[PDB]
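*Asks:* in the first instance, please consider these chains from the complex; the rest will follow:
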Amino acid sequence: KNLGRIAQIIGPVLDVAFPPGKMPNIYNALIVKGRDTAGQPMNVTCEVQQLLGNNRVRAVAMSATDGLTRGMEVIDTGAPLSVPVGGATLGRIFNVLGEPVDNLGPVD
Amino acid sequence: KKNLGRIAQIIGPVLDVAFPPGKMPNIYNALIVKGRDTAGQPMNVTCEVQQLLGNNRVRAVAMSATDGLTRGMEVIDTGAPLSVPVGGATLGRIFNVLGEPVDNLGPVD
């Protein structure tokens, strides 16, 4: 429910500025509502590694930051990276994020 | 040579030269500083515009000794990099960085 805007992108390191009240604590994941080359939305997941003060966090992207723009909306997910666990996970190649990278569809 | 800037810093060999806001020298132009010697006679020490720094000042590395230079002296921009005399009249002369002949013989053409 917290929305932030990227303040700066320097390599794989992002800085996200949040409103003064609602604010992520460290190791929470951030989802960056970005766009793709052709223009469809694709979202980069981050992880807060520092709190820089002045309501500004320093997140480290788990995907590529080519194409991210200062001021794009970043939805604080309120938790660290939630990964699917269970019986379903067996036999599936997984990303860092818990997305299946083996082409057998969604982990239900 | 119609652009005049005033020296703002001297830290060792590296000068910072503040210019009028529209007209600033390009990178690698030669600044030539209207500095004075121990005699008071005007002496010129050349500089190279290494980098544009913002706030309308350049950063130039002086080609001669910066000892004796004052914050606030006039610096004229020659509008070009260091032109060195070339050719036939440079043969058998001994030369400076600036192309000034250094062997106490009459001036290079």
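*Replies:* All right, it came through fine. Numbering: from 1, shown residues only, chains lettered A, B, ... in the order given.
*Asks:* how many residues are close by residue A:52?
*Replies:* For residue A:52, the count of nearby residues is 12 (other C-beta atoms under 10 Å in any protein chain shown). Where you see a C-beta, it was placed from the backbone N, CA and C, and this is true even at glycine.
*Asks:* contact partners for it?
*Replies:* Contact analysis of residue A:52 by C-beta atoms under 8 Å, 6 or more residues apart in numbering or on different chains lists A:15, A:58.
*Asks:* got phi/psi on it?
*Replies:* When read as degrees, to the nearest 10, the backbone of residue A:52 gives phi -90, psi 0.
*Asks:* any idea how far it is from residue A:12?
*Replies:* Using C-beta to C-beta, to the nearest Å, residue A:52 is found at 17 Å from residue A:12.
*Asks:* report the contact partners of residue A:38.
*Replies:* Going by C-beta under 8 Å, 6+ apart, residue A:38 touches no other residue.
*Asks:* with adjacent residues omitted, what lies nearest to the spatially most central residue of chain A?
*Replies:* The centroid of chain A falls nearest to residue A:45 when counting by C-alpha atoms, centre = their mean (2.0 Å). Nearest residue to residue A:45, sequence neighbours excluded (C-beta to C-beta, 6 or more residues apart in numbering or on different chains): residue A:62, at 4.8 Å.
*Asks:* and that neighbour, how many neighbours?
*Replies:* 16.
*Asks:* how near is it to residue B:43?
*Replies:* As judged by C-beta to C-beta, residue A:62 and residue B:43 stand 61 Å apart.
*Asks:* kindly report the same for residue A:85.
*Replies:* For residue A:85, the distance to residue B:43 equals 78 Å [C-beta to C-beta].
*Asks:* add chain C to the structure above:
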Amino acid sequence: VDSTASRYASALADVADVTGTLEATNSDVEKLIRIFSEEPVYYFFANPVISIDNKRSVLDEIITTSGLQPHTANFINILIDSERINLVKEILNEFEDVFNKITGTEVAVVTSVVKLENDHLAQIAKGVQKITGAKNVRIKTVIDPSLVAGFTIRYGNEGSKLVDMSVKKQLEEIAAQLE
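*Replies:* With chain C now in place:
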């Protein structure tokens, strides 16, 4: 605190104090804070790209309508010359804290659910004064739904020193039993 924003504000207060325009300068500084709130106005002064010469002309017109104090108009002109207009907002806020110091006034801020009469405040403002060591006390009020029926006053150099009783008794009881 001694940071660049604080350093400038302190100078501005000192010149006012010398010339006895502390009341007169303070009004102008409060007047400036309304001016620089606006995102568009602040941005124009703050950004490096807009030419400095243009900034002065606009600033002069702003000063005339505003009718600012002669030093206060200088002080902004000094900030603009010396590039520190990017931190005007910090400087203006900093001045208020310095201005109280010079007078010897102290702010206190007192918190309730229910608005309270001056008589209670008079006791508190006298109470903060002796406890403060103050020459004078200036009282700040805020309304809060969350406490119970009491309030908490905050005072000191910062709003560091807070002495309260409303919710706190409940919290203390909760802790007390666990012992």
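*Asks:* re the thing from before, any idea how far the residue nearest to the centre of chain A lies from chain B?
*Replies:* Here the criterion is C-beta to the nearest C-beta, to the nearest Å. By it, residue A:45 lies 36 Å from chain B.
*Asks:* that residue contacts residue A:65, correct?
*Replies:* No - look at residue A:45 against residue A:65 with C-beta atoms under 8 Å: they stay out of range, at 11.4 Å.
*Asks:* and the residue of chain A nearest chain B?
*Replies:* For chain A and chain B, the shortest gap (C-beta to the nearest C-beta) falls at residue A:8, measuring 18.7 Å.
*Asks:* chain neighbours aside, what residue packs nearest to that residue?
*Replies:* Leaving aside its chain neighbours, residue A:8 sits nearest to residue A:15 (4.5 Å; criterion: C-beta to C-beta, 6+ apart).
*Asks:* residue A:17 too?
*Replies:* Counting by C-beta to C-beta, 6+ apart, residue A:17 lies nearest to residue A:7, which is 4.3 Å off, once chain neighbours are set aside.
*Asks:* need the residues of chain C near chain B, please.
*Replies:* By C-beta under 8 Å from any C-beta of the partner chain, the residues of chain C that approach chain B are C:48, C:51, C:52, C:53, C:83.
*Asks:* ok, now which ones touch the first one?
*Replies:* The neighbourhood of residue C:48, defined by C-beta under 8 Å, 6+ apart, consists of B:54, B:55.
*Asks:* ok, it to residue C:91 distance?
*Replies:* For residue C:48, the distance to residue C:91 - C-beta to C-beta - is 18 Å.
*Asks:* could I get the buried residue list for stretch C:32-42?
*Replies:* Judged by neighbour count (16 or more other C-beta atoms under 10 Å in any protein chain shown), stretch C:32-42 contains these buried residues: C:32, C:35, C:36, C:42.
*Asks:* could you also fit chain D onto it:
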Amino acid sequence: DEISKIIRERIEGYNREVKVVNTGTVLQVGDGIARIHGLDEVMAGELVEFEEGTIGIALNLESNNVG
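*Replies:* With chain D now in place:
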């Protein structure tokens, strides 16, 4: 405490030139790097071209400026 129409308009005029949307004004050039004030919409890795035709890549995006 109040801003005159002339003052607001004058301020706005300066802002429009600099709040040009696709462009950004060079802040400092040196050693093969330009810092650019502006360019609020650029994305990291987007080619940007200055006057006189040089092309550059916006590798560093910072709140103050874009390297």
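*Asks:* same question on the buried residues of stretch C:32-42, but now with chain D added
*Replies:* In terms of neighbour count (16+ other C-beta under 10 Å), stretch C:32-42 has its buried residues at C:32, C:35, C:36, C:41, C:42.
*Asks:* err, stretch C:44-56, not the other one
*Replies:* Using 16+ other C-beta under 10 Å as the test for burial, stretch C:44-56 gives C:44, C:45, C:47, C:48, C:49, C:50, C:55.
*Asks:* over to stretch D:46-58?
*Replies:* Under the neighbour-count criterion of 16+ other C-beta under 10 Å, stretch D:46-58 has D:46, D:48, D:56, D:58 buried.
*Asks:* which outside residues touch it?
*Replies:* Contact partners of stretch D:46-58, identified using C-beta under 8 Å, 6+ apart, comprise D:24, D:26, D:34, D:36, D:39, D:42, D:43, D:44, D:45, D:66, D:67.
*Asks:* now stretch C:124-136
*Replies:* Counting by C-beta under 8 Å, 6+ apart, C:103, C:104, C:105, C:106, C:108, C:110, C:137, C:139, C:153, C:155 sit against stretch C:124-136.
*Asks:* so which of those sit within strands?
*Replies:* If you go by DSSP state E, the contacts of stretch C:124-136 have C:105, C:106, C:108, C:110, C:137, C:139, C:153, C:155 in strands.
*Asks:* just give me the neighbour total for residue C:28.
*Replies:* A total of 22 residues lie near residue C:28 under the criterion other C-beta under 10 Å.
*Asks:* equivalent analysis for residue A:11, please.
*Replies:* Neighbour count of residue A:11, defined by other C-beta under 10 Å: 11.
*Asks:* show the buried residues in the contacts of stretch D:46-58.
*Replies:* The neighbour-count test (16+ other C-beta under 10 Å) marks D:24, D:26, D:34, D:36, D:39, D:42, D:43, D:44, D:66 as buried among those.
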